[PDB]
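Here the structure is laid out as structure tokens; the discussion comes afterwards.
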Amino acid sequence: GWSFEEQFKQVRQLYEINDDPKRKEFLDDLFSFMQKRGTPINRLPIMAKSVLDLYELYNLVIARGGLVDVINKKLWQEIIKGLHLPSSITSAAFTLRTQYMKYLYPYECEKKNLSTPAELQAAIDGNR
């Protein structure tokens, strides 16, 4: 069974990444909003000696033009390329969008309000 405290200590190493005020303040705001449940994100795996920085995923998403733009254009390949998969490419694309949707879709919309969950379905419906 996967222990919950294991995901908890993984969040502490995220803050230890750097004492930069921008990164520290960002984590306090993002985790605090989703803190409604009280637990961190979905999971935080460890890459060799590096930790999967959530900040990197968000910065890459905006660097593209918006999560909805990425879904409708299906530019998940660009983010997957940065997150080099081992060699099995499991639900790599699917795994990224679901965890983001679980606690980062409201946060992204709150910070920029790129679009509404209504038109998002139009973007998701086209993919299907």
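Each chain of the structure tokens is named A, B, ... in the order shown, its residues numbered from 1; ligands are numbered from 1 in display order.
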
### Query
Which of chain A counts as strand (DSSP E or B) under DSSP, as JSON, numbers by chain please?
{"A": [46, 47, 50, 51]}

Residues as selected, C-alpha atoms, written as a compact mmCIF listing (two decimals), in the first residue's frame, can you do that?
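Just written: selection11.txt:
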```
# COMPACT_ATOMS: atom_id res chain seq x y z
CA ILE A 46 11.45 11.24 -7.70
CA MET A 47 13.62 11.42 -10.83
CA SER A 50 15.71 15.40 -9.09
CA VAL A 51 12.05 15.76 -7.99
```

### Task
Pick out the residues sitting within 9 Å of residue 15 of chain A, and hand them over as an MDAnalysis selection string; count only C-alpha atoms, and ignore anything fewer than 4 positions along from it in its own chain.
chainID A and resid 11 19 23:24 27

Save out the residues we just selected, N, CA and C atoms, as a compact mmCIF listing (two decimals), in the first residue's frame.
```txt
# COMPACT_ATOMS: atom_id res chain seq x y z
N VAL A 11 6.61 16.84 -0.59
CA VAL A 11 6.30 18.28 -0.78
C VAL A 11 7.38 19.11 -0.07
N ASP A 19 15.36 28.97 -2.12
CA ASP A 19 14.70 29.94 -1.20
C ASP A 19 14.17 31.12 -2.03
N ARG A 23 9.11 31.19 -6.08
CA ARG A 23 8.76 29.75 -5.99
C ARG A 23 8.09 29.46 -4.64
N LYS A 24 8.65 29.95 -3.57
CA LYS A 24 8.05 29.70 -2.23
C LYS A 24 6.63 30.25 -2.19
N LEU A 27 4.19 28.07 -4.30
CA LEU A 27 3.79 26.80 -3.63
C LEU A 27 2.79 27.10 -2.51
```

### Query
For residue 39 of chain A, which residue out of A:25, A:5, A:17, A:98 is the nearest one, using only C-alpha atoms?
A:5

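Nearest to residue 102 of chain A of all the residues A:41, A:9, A:116, A:2 is A:41, based on only C-alpha atoms.
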
### Task
Using only C-alpha atoms, determine which residues lie at most 10 Å from segment 57-63 of chain A, disregarding the query and same-chain residues fewer than 2 positions distant; provide the list as an MDAnalysis selection string.
chainID A and resid 52:55 65:70 75:76 78:80 82:83 96 100 104 108 112 114

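When only C-alpha atoms are used to measure the gap to residue 43 of chain A, the shortest distance among A:87, A:18, A:121, A:3 belongs to A:3.
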